[PDB]
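Our numbering applies: residue -3 is where the sequence shown begins, and numbers increase by one. Beta carbons: idealized from backbone N, C-alpha and C, even for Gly. Since the structure comes first, as structure tokens, the remarks are kept for the end.
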Amino acid sequence: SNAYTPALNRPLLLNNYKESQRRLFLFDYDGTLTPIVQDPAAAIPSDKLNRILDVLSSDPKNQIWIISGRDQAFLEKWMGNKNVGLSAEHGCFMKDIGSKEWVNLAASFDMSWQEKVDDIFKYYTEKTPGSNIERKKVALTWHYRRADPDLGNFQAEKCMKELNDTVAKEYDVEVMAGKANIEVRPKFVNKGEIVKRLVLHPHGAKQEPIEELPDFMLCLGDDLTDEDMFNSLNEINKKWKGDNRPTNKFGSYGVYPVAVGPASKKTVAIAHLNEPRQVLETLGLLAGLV
Ligand SMILES: OC[C@H]1O[C@H](O[C@H]2O[C@H](CO)[C@@H](O)[C@H](O)[C@H]2O)[C@H](O)[C@@H](O)[C@@H]1O
Ligand code: BEF
Ligand SMILES: [Mg+2]
């Protein structure tokens, strides 16, 4: 490949799952629980995913969170009546399983960068047929999947450069290259913050000691934004081993950051699964389905 991570050890994952009492699932949505497609509106939950989520969420030992770049509207639509936590726009919003409203973690942040990013995106959109701009509440996304590969990638690279030389110097925003996109959002909100707020927290209490901490954490993602999740989990794991916390029967703390992508994909995750298909197989396995 040459392989960068080993394939996920599914039997071990299953064993740690069935041994554990306080489980926390941290799921990316796009390209992770459902395949990457041309039309974002078509990225709809499969029945298999729905069955997995129902069975998994029904176990009171389990807490499940969907942590996505998607805006709140999408997540409410396709995940809202399911018994799962929601986080939108790469860490800008959170909604507890019991809660009736979202928390805007970026509510106090300066948003004046948005129009400058928008202006820049409009320029590259005009020079890139098939591309379009997605304006969410906080984050902005420039899509070029539908464009010609070469021009899109070319235009993308110099859009990336320009944002990073202007807006990213003037504001504390992160310029993220995603699968056939560019996304811009405040630097100090991200999926890693979300994971910290969920993991270092009494299982599974709403948002504002070892027996109350998760003892099983499974985190899946496919894109650059999700590296923030994997990194937060690695840091927490290392914090726990820096301290001399008692390990489980497997010599670990039950932390499984797992990339979705080929063996060769560079990631700080501990293992990979090739595609959403294998993700659902694995979750199905844990669920007692197939
Ligand atoms: O498969 C549909 C699209 O998925 C990605 O983009 C969507 O998912 C991102 C992460 O949740 C969001 O940030 C983004 O706003 C969504 O459109 C992918 O990047 C696209 O190329 C796909 O068309
Ligand atoms: F919903 Be994960 F951002 F694709
Ligand atoms: Mg994704």
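CA-to-CA distance, residue j to residue i, given in whole angstroms
{"i": "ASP239", "j": "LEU209", "result": "15 Å"}
{"i": "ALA37", "j": "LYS245", "result": "44 Å"}
{"i": "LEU82", "j": "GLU223", "result": "18 Å"}
{"i": "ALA283", "j": "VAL51", "result": "6 Å"}
{"i": "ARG193", "j": "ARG19", "result": "15 Å"}
{"i": "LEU136", "j": "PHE212", "result": "33 Å"}
{"i": "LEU214", "j": "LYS187", "result": "14 Å"}
{"i": "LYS118", "j": "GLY87", "result": "25 Å"}
{"i": "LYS237", "j": "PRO253", "result": "16 Å"}
{"i": "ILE40", "j": "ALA173", "result": "23 Å"}
{"i": "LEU22", "j": "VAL195", "result": "10 Å"}
{"i": "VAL286", "j": "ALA(-1)", "result": "28 Å"}
Cβ neighbours of residue i in the same chain (closer than 6 Å, five flanking residues each side left out)
{"i": "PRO2", "result": "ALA267"}
Residue i Cβ short of 6 Å to ligand 1 heavy atom set
{"i": "residue 293", "result": "A query on residue 293 cannot be resolved here, the shown segment of the chain reaching from -3 to 286 and no further."}
{"i": "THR137", "result": "yes"}
{"i": "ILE32", "result": "yes"}
{"i": "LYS175", "result": "yes"}
{"i": "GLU271", "result": "no"}
Spatial neighbours of residue i in its chain, beta-carbon cut-off 8 Å, leaving aside the 5 residues before and after
{"i": "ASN79", "result": "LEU49, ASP50, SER53, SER54, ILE60, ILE93"}
{"i": "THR278", "result": "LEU4, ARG6, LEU9, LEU269"}
heavy atom of ligand 2 below 6 Å from residue i C-beta
{"i": "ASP26", "result": "yes"}
{"i": "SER64", "result": "yes"}
7 Å CB neighbourhood of residue i in its chain, flanking five on each side removed
{"i": "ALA152", "result": "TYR140, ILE178"}
{"i": "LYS183", "result": "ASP168, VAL169, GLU170"}
CB contact check: residue i to chain D, cutoff 7 Å
{"i": "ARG66", "result": "In the structure shown, chain D cannot be found, because there is only a single protein chain."}
Proximity test, residue i beta-carbon vs ligand 3 heavy atom, cut-off 6 Å
{"i": "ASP218", "result": "yes"}
Residue i, buried or exposed, once every other Cβ within 10 Å from all chains shown has been counted against 16
{"i": "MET107", "result": "exposed"}
{"i": "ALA102", "result": "buried"}
**Study point:** Runs of beta strand (DSSP E) wholly within the stretch 110 to 157 (minimum 3 residues, chain order)
**Key:** 128 to 131, 136 to 139
Check your understanding: What are the start and end residues of each continuous alpha helix (DSSP H) run of 4 or more residues lying completely inside the stretch 43 to 108, in chain order?
Key -> 43 to 54, 68 to 75
Check your understanding: Curious, which full-length alpha helix (DSSP H) runs of at least 4 residues does the stretch 167 to 205 contain?
Key -> 187 to 195
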